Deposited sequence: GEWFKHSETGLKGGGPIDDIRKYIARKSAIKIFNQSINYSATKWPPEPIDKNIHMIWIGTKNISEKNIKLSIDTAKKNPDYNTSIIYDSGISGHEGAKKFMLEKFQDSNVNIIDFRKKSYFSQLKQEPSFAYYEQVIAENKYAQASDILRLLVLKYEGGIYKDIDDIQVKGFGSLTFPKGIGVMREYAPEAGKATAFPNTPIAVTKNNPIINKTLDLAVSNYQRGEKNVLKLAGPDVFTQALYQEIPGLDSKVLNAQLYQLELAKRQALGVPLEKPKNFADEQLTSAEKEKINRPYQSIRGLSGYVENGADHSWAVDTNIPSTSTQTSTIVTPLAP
């Protein structure tokens, strides 16, 4: 009888350790395409400050195609476009028209792009960029960066579990910078929520396609990014481990918790590359 309980416990703990060991690497990191996407749409000239930040962004990332996307479907955009072409001529920053993207014809099937056309028609360029950045990432992947952020250090070769890299939370994750694989479910979900928010006439611009919506998408697709969900998971494991050892219902070691946390900490690995 005593040998039976010893067998049952060593088998149960074996299964448990294998599961903890698997959890550390459960989502193999996926390479991010080496494109940096920045947005400057509208009719106003880019500021000399942001020209300098953008060139610095390109210099600290010589292994990347760095681009600023404008939109020729915006009335009166021509001046701003010309100014940029001349200011970035002597740099490795590429100035490109969204309308000339190879995938542009496919956007006629996107309800989110119908909303984007409404937003730019009201000259709401900052609000528009919340939708535009998701569309670019959906179709191309790569890294989206804010035009006015300082590049602290080069991105390098990035790989991320579930093909998504974000900056740690402020409770919300910022919607910049974002590193993602193309056609990523997190980006598609954010756009889906955004269509819903525009349809119902959400008036808070941040709750249309902002960090709070990006956050909801992250939590739905990867629940363990939410500390409350991850905490409930750890308590479940703590209880499962004592059940395995047949001890009354703290057993989780710091090693085991490091492994459980590893993919979710790795997703937050886009922290520290861009500032201000």
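Novice: Which segments of the deposited sequence lack C-alpha coordinates in the modelled structure, numbering from residue 1?
Specialist: No C-alpha for residues 1-17, 188-194, 274-281, 309-336.
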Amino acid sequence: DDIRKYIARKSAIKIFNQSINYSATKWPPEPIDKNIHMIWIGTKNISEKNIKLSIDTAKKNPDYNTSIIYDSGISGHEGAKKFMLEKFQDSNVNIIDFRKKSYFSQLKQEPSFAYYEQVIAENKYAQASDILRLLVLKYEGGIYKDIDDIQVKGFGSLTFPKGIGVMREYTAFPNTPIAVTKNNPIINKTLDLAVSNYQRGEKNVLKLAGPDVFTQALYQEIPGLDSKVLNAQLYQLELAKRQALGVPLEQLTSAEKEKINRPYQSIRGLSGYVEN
From here on, numbers count along this sequence of modelled residues.
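Novice: Look up the CA B-factors in the entry and say which stretch, 177-185 or 146-154, has the higher mean.
Specialist: That would be 146-154.
Novice: Give the stretch, out of 107-115 and 161-169, with the larger mean C-alpha temperature factor in the deposited entry.
Specialist: Comparing 107-115 with 161-169, the higher average CA B-factor belongs to 161-169.
Novice: What third of the chain does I267 rank in for C-alpha temperature factor, lowest, middle or highest?
Specialist: For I267, the deposited C-alpha B-factor lands in the lowest third.
Novice: Can you work out whether the C-alpha temperature factor of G42 puts it in the lowest, middle or highest third of the chain?
Specialist: It belongs to the lowest third of the chain when residues are ordered by C-alpha B-factor.
Novice: Where does the C-alpha B-factor of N50 rank in its chain, lowest, middle or highest third?
Specialist: Answer is middle: the recorded C-alpha B-factor places it there.
Novice: Just say lowest, middle or highest third for the CA B-factor of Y235 relative to the other modelled residues in its chain.
Specialist: Top third by C-alpha B-factor.
Novice: Among the chain's modelled residues, which third holds the C-alpha B-factor of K203?
Specialist: For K203, whose C-alpha B-factor we compare with every modelled residue in the chain, the answer is the highest third.
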